[PDB]
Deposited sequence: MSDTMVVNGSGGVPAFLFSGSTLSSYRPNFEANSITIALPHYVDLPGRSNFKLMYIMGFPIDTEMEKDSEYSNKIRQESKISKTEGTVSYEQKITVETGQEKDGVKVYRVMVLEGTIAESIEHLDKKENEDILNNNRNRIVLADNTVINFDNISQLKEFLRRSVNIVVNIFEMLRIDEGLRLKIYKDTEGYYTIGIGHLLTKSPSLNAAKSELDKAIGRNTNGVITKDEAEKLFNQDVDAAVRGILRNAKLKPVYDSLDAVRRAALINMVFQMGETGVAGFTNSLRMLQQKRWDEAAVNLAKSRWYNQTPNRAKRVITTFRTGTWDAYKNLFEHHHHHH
């Protein structure tokens, strides 16, 4: 029996449709297969059954991500649930439905949710529909913090390696650009750039932005890169094998040279995938890359080599 389930608040972007709400209402999540939610008292409920049911979800297989060591870092949204499990039957209230890591972090820290979380088993349901079960909420909060750190660090990493501009400027190719990566428009017009930027930010910019906005844009860019990395038969196996800091170095390289450029370091990638770090490092130092942007290559390589933030640590939050 799930303990507190109607207690506390639930953070969800999704809003389905004085009333009938007392009654059970079943719904399929708009974007995903085998997410069937049951709403009583306005509360999202995830249910799993070994058997077959019209209103219940098929059993979910457990993801390979380590609850002690691992990260959700490059996932877009995640789901968080508390509840109970006994053979064949699982019942979990949804505390956060497809929210960001930061969002989930703050939401699980609300004292009103405090009751329902310390009394039940807590799990995360990934966008690939695999779950990571946690021993306790403190551990889960650790897991989430450790993930958001990687997210804030990758921005700093790129700020330092690539550069961060707060005014519209031009690409080495002529294109209006702002922040770190971000391309506004391929059109020759500055008003077209400014108008694109206002649309993306949703305020009147006049071509200048805060660091925070640039960070938002950059996160969209990290997702487009990760989506392209996993589509590329040359990058995917390497990226899959790397821990989160090292993936940050891989993404860094993709941001600088393109998917196609990174795919050309064939031997250095095989070396990375075999976890031979010093060889990979030596090999990577052979390229014109290392010669042309030596400071950035040196830090990226140090990062590949150590799995830590040591090349960037003193420079952070600058």
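Student: Taking the deposited sequence as numbered from 1, list the residue ranges that were left without C-alpha coordinates.
Tutor: Absent from the structure are positions 1-12, 30-33, 335-339.
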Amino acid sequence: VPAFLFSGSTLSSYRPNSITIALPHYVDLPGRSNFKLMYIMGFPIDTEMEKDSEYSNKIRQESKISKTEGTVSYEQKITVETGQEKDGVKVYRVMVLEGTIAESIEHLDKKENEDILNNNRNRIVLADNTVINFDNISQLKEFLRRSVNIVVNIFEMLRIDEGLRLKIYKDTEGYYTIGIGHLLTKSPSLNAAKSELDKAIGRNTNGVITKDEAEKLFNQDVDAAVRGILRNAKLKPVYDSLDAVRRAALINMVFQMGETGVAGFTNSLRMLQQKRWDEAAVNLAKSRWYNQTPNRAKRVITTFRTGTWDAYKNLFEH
From here on, numbers count along this sequence of modelled residues.
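Student: Name the higher of the two by mean Cα B-factor in the PDB entry, 237-245 versus 100-108.
Tutor: Per the deposited B-factors, the answer is 100-108.
Student: Name the higher of the two by mean Cα B-factor in the PDB entry, 255-263 versus 22-30.
Tutor: It is 22-30 that shows the higher mean C-alpha B-factor.
Student: Name the residue from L250, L284, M49, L269 with the greatest C-alpha temperature factor listed in the entry.
Tutor: Reading the PDB entry, the winner on C-alpha B-factor is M49.
Student: Looking at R203, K86, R146, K186, which has the highest Cα B-factor in the entry?
Tutor: Of the options given, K86 has the highest CA B-factor in the PDB entry.
Student: Comparing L197 with the other modelled residues of its chain, is its CA B-factor in the lowest, middle or highest third?
Tutor: For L197, whose C-alpha B-factor we compare with every modelled residue in the chain, the answer is the middle third.
Student: Going by the entry, which third of its chain does the Cα temperature factor of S73 land in?
Tutor: According to the entry, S73 has a C-alpha B-factor in the chain's middle third.
Student: Quick one: classify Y176 as lowest, middle or highest third of the chain based on its Cα B-factor.
Tutor: Bottom third by C-alpha B-factor.
Student: Would the CA B-factor of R231 place it in the lowest, middle or highest third of its chain?
Tutor: For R231, whose C-alpha B-factor we compare with every modelled residue in the chain, the answer is the middle third.
Student: Against its chain's modelled residues, does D221's Cα B factor rank lowest, middle or highest third?
Tutor: Ranked within chain, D221 CA B lands in the lowest tercile.
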